[PDB]
Amino acid sequence: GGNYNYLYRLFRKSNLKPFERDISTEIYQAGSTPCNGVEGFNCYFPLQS
Amino acid sequence: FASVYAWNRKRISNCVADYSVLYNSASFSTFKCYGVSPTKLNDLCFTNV
């Protein structure tokens, strides 16, 4: 049925520094339009499973 | 438009392509990019589209 408890991050502003860690969960903003914490086009949740 | 069983095929060629007017037009219900994320299209060059 699928183990959906193992997630990974697929969007970030900038690549990590070595051994750096980032557990935030802010709504990513691809396009120029601001997101205001809601999903939509060019406003994506940053974690996939 | 064209049927689904005889789709069309236009071979875009040498020009200046601006995928931003596409990406941000907000009129599209689905805009998925596979080989390459959408925002980096206006920064690459290919042979044929």
# chains A, B, ... in the order shown; residues from 1 in each chain; ligands from 1

call {"tool": "residues_around", "arguments": {"residues": "residue 41 of chain A", "least_positions_apart": "4", "cutoff": "12 Å", "atoms": "only C-alpha atoms", "output": "PyMOL selection string"}}
result
(chain A and resi 27-35+45) or (chain B and resi 23-32)

call {"tool": "write_last_selection", "arguments": {"atoms": "N, CA, C and O atoms", "output": "PDB file, in the first residue's frame"}}
result
ATOM      1  N   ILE A  27       6.178  27.356   2.418  1.00  0.00           N
ATOM      2  CA  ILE A  27       5.693  27.158   1.062  1.00  0.00           C
ATOM      3  C   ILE A  27       6.669  27.777   0.082  1.00  0.00           C
ATOM      4  O   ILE A  27       6.953  28.978   0.138  1.00  0.00           O
ATOM      5  N   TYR A  28       7.181  26.947  -0.822  1.00  0.00           N
ATOM      6  CA  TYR A  28       8.124  27.400  -1.833  1.00  0.00           C
ATOM      7  C   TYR A  28       7.427  28.371  -2.775  1.00  0.00           C
ATOM      8  O   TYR A  28       6.209  28.324  -2.939  1.00  0.00           O
ATOM      9  N   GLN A  29       8.206  29.253  -3.386  1.00  0.00           N
ATOM     10  CA  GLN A  29       7.657  30.241  -4.307  1.00  0.00           C
ATOM     11  C   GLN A  29       8.476  30.196  -5.585  1.00  0.00           C
ATOM     12  O   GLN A  29       9.578  30.742  -5.647  1.00  0.00           O
ATOM     13  N   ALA A  30       7.943  29.538  -6.606  1.00  0.00           N
ATOM     14  CA  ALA A  30       8.691  29.411  -7.848  1.00  0.00           C
ATOM     15  C   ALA A  30       8.638  30.701  -8.650  1.00  0.00           C
ATOM     16  O   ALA A  30       9.671  31.321  -8.912  1.00  0.00           O
ATOM     17  N   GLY A  31       7.444  31.127  -9.037  1.00  0.00           N
ATOM     18  CA  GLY A  31       7.268  32.341  -9.797  1.00  0.00           C
ATOM     19  C   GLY A  31       7.462  33.579  -8.951  1.00  0.00           C
ATOM     20  O   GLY A  31       7.759  33.515  -7.758  1.00  0.00           O
ATOM     21  N   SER A  32       7.277  34.730  -9.589  1.00  0.00           N
ATOM     22  CA  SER A  32       7.476  36.004  -8.915  1.00  0.00           C
ATOM     23  C   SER A  32       6.329  36.357  -7.985  1.00  0.00           C
ATOM     24  O   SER A  32       6.520  37.152  -7.061  1.00  0.00           O
ATOM     25  N   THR A  33       5.164  35.787  -8.201  1.00  0.00           N
ATOM     26  CA  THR A  33       4.010  36.145  -7.401  1.00  0.00           C
ATOM     27  C   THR A  33       4.197  35.668  -5.968  1.00  0.00           C
ATOM     28  O   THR A  33       4.580  34.519  -5.752  1.00  0.00           O
ATOM     29  N   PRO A  34       3.956  36.515  -4.976  1.00  0.00           N
ATOM     30  CA  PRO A  34       4.061  36.065  -3.586  1.00  0.00           C
ATOM     31  C   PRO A  34       3.010  35.022  -3.260  1.00  0.00           C
ATOM     32  O   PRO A  34       1.948  34.959  -3.878  1.00  0.00           O
ATOM     33  N   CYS A  35       3.315  34.203  -2.258  1.00  0.00           N
ATOM     34  CA  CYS A  35       2.517  33.019  -1.979  1.00  0.00           C
ATOM     35  C   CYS A  35       1.544  33.183  -0.824  1.00  0.00           C
ATOM     36  O   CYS A  35       0.449  32.619  -0.879  1.00  0.00           O
ATOM     37  N   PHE A  45       4.205  23.159  -1.908  1.00  0.00           N
ATOM     38  CA  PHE A  45       4.716  22.539  -0.702  1.00  0.00           C
ATOM     39  C   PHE A  45       6.061  21.913  -1.019  1.00  0.00           C
ATOM     40  O   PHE A  45       6.212  21.300  -2.074  1.00  0.00           O
TER      41      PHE A  45
ATOM     42  N   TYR B  23       5.038  30.478 -18.850  1.00  0.00           N
ATOM     43  CA  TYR B  23       5.070  29.953 -17.495  1.00  0.00           C
ATOM     44  C   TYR B  23       4.204  30.760 -16.549  1.00  0.00           C
ATOM     45  O   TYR B  23       3.599  30.202 -15.631  1.00  0.00           O
ATOM     46  N   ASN B  24       4.135  32.069 -16.736  1.00  0.00           N
ATOM     47  CA  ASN B  24       3.427  32.907 -15.782  1.00  0.00           C
ATOM     48  C   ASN B  24       2.049  33.320 -16.263  1.00  0.00           C
ATOM     49  O   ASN B  24       1.430  34.191 -15.647  1.00  0.00           O
ATOM     50  N   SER B  25       1.555  32.729 -17.343  1.00  0.00           N
ATOM     51  CA  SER B  25       0.307  33.226 -17.903  1.00  0.00           C
ATOM     52  C   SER B  25      -0.893  32.868 -17.050  1.00  0.00           C
ATOM     53  O   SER B  25      -1.976  33.414 -17.272  1.00  0.00           O
ATOM     54  N   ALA B  26      -0.751  31.933 -16.124  1.00  0.00           N
ATOM     55  CA  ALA B  26      -1.777  31.610 -15.143  1.00  0.00           C
ATOM     56  C   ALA B  26      -3.077  31.154 -15.781  1.00  0.00           C
ATOM     57  O   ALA B  26      -4.043  30.873 -15.069  1.00  0.00           O
ATOM     58  N   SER B  27      -3.124  31.072 -17.100  1.00  0.00           N
ATOM     59  CA  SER B  27      -4.290  30.574 -17.799  1.00  0.00           C
ATOM     60  C   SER B  27      -4.237  29.080 -18.022  1.00  0.00           C
ATOM     61  O   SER B  27      -5.222  28.500 -18.479  1.00  0.00           O
ATOM     62  N   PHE B  28      -3.117  28.448 -17.711  1.00  0.00           N
ATOM     63  CA  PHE B  28      -2.909  27.036 -17.951  1.00  0.00           C
ATOM     64  C   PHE B  28      -3.278  26.260 -16.708  1.00  0.00           C
ATOM     65  O   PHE B  28      -2.830  26.591 -15.612  1.00  0.00           O
ATOM     66  N   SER B  29      -4.086  25.235 -16.882  1.00  0.00           N
ATOM     67  CA  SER B  29      -4.445  24.398 -15.759  1.00  0.00           C
ATOM     68  C   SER B  29      -3.380  23.373 -15.432  1.00  0.00           C
ATOM     69  O   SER B  29      -3.392  22.824 -14.332  1.00  0.00           O
ATOM     70  N   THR B  30      -2.470  23.089 -16.351  1.00  0.00           N
ATOM     71  CA  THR B  30      -1.432  22.104 -16.080  1.00  0.00           C
ATOM     72  C   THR B  30      -0.172  22.533 -16.798  1.00  0.00           C
ATOM     73  O   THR B  30      -0.209  22.727 -18.011  1.00  0.00           O
ATOM     74  N   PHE B  31       0.924  22.691 -16.070  1.00  0.00           N
ATOM     75  CA  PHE B  31       2.205  23.041 -16.682  1.00  0.00           C
ATOM     76  C   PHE B  31       3.288  22.230 -15.997  1.00  0.00           C
ATOM     77  O   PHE B  31       3.886  22.701 -15.034  1.00  0.00           O
ATOM     78  N   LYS B  32       3.564  21.039 -16.500  1.00  0.00           N
ATOM     79  CA  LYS B  32       4.573  20.189 -15.894  1.00  0.00           C
ATOM     80  C   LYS B  32       5.801  20.175 -16.769  1.00  0.00           C
ATOM     81  O   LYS B  32       5.684  20.085 -17.984  1.00  0.00           O
TER      82      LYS B  32
END

call {"tool": "atom_distance", "arguments": {"atom1": "atom CA of residue 34 of chain B", "atom2": "atom CA of residue 20 of chain B"}}
result
16.5 Å

call {"tool": "select_by_dssp", "arguments": {"residues": "chain A", "states": "strand (DSSP E or B)", "output": "PDB file with N, CA, C and O atoms, in the first residue's frame"}}
result
ATOM      1  N   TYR A   8      11.320  13.626   1.355  1.00  0.00           N
ATOM      2  CA  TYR A   8      12.530  14.312   0.961  1.00  0.00           C
ATOM      3  C   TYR A   8      12.151  15.687   0.455  1.00  0.00           C
ATOM      4  O   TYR A   8      11.013  15.924   0.053  1.00  0.00           O
ATOM      5  N   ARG A   9      13.107  16.602   0.499  1.00  0.00           N
ATOM      6  CA  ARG A   9      12.882  17.961   0.049  1.00  0.00           C
ATOM      7  C   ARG A   9      13.222  18.052  -1.421  1.00  0.00           C
ATOM      8  O   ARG A   9      14.257  17.548  -1.848  1.00  0.00           O
ATOM      9  N   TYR A  28       7.181  26.947  -0.822  1.00  0.00           N
ATOM     10  CA  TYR A  28       8.124  27.400  -1.833  1.00  0.00           C
ATOM     11  C   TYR A  28       7.427  28.371  -2.775  1.00  0.00           C
ATOM     12  O   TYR A  28       6.209  28.324  -2.939  1.00  0.00           O
ATOM     13  N   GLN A  29       8.206  29.253  -3.386  1.00  0.00           N
ATOM     14  CA  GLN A  29       7.657  30.241  -4.307  1.00  0.00           C
ATOM     15  C   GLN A  29       8.476  30.196  -5.585  1.00  0.00           C
ATOM     16  O   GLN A  29       9.578  30.742  -5.647  1.00  0.00           O
ATOM     17  N   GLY A  40      -0.895  26.701  -4.664  1.00  0.00           N
ATOM     18  CA  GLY A  40      -1.382  27.204  -5.935  1.00  0.00           C
ATOM     19  C   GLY A  40      -0.290  27.107  -6.973  1.00  0.00           C
ATOM     20  O   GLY A  40       0.792  26.581  -6.702  1.00  0.00           O
ATOM     21  N   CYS A  43       3.345  28.027  -6.290  1.00  0.00           N
ATOM     22  CA  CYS A  43       3.429  28.058  -4.831  1.00  0.00           C
ATOM     23  C   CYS A  43       3.252  26.620  -4.361  1.00  0.00           C
ATOM     24  O   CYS A  43       2.127  26.131  -4.252  1.00  0.00           O
ATOM     25  N   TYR A  44       4.363  25.953  -4.076  1.00  0.00           N
ATOM     26  CA  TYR A  44       4.386  24.519  -3.872  1.00  0.00           C
ATOM     27  C   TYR A  44       4.836  24.167  -2.468  1.00  0.00           C
ATOM     28  O   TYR A  44       5.745  24.785  -1.920  1.00  0.00           O
ATOM     29  N   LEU A  47       7.946  19.393   0.296  1.00  0.00           N
ATOM     30  CA  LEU A  47       8.327  18.040   0.667  1.00  0.00           C
ATOM     31  C   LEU A  47       7.491  17.022  -0.085  1.00  0.00           C
ATOM     32  O   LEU A  47       6.273  17.155  -0.173  1.00  0.00           O
ATOM     33  N   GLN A  48       8.164  15.997  -0.596  1.00  0.00           N
ATOM     34  CA  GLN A  48       7.529  14.906  -1.315  1.00  0.00           C
ATOM     35  C   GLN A  48       7.789  13.636  -0.511  1.00  0.00           C
ATOM     36  O   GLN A  48       8.651  13.626   0.366  1.00  0.00           O
TER      37      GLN A  48
END

call {"tool": "residues_around", "arguments": {"residues": "residue 16 of chain B", "least_positions_apart": "3", "cutoff": "10 Å", "atoms": "only C-alpha atoms", "output": "PyMOL selection string"}}
result
chain B and resi 13+19+42+45

call {"tool": "write_last_selection", "arguments": {"atoms": "C-alpha atoms", "output": "CSV table (one decimal), in the first residue's frame"}}
result
chain,number,residue,atom,x,y,z
B,13,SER,CA,13.2,26.4,-35.2
B,19,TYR,CA,9.0,30.5,-22.0
B,42,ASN,CA,14.8,31.0,-20.6
B,45,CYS,CA,19.6,26.6,-25.8

call {"tool": "residues_around", "arguments": {"residues": "residue 12 of chain B", "least_positions_apart": "4", "cutoff": "10 Å", "atoms": "only C-alpha atoms", "output": "list in words"}}
result
residues 17, 47, 48 and 49 of chain B

call {"tool": "closest_residue", "arguments": {"among": "A:13, A:42, A:49, A:19", "to": "chain B", "atoms": "only C-alpha atoms"}}
result
A:42

call {"tool": "atom_distance", "arguments": {"atom1": "atom CA of residue 21 of chain A", "atom2": "atom CA of residue 41 of chain B"}}
result
28.8 Å

call {"tool": "select_by_dssp", "arguments": {"residues": "chain B", "states": "helix (DSSP H, G or I)", "output": "ChimeraX atom specification"}}
result
/B:19-23,38-43
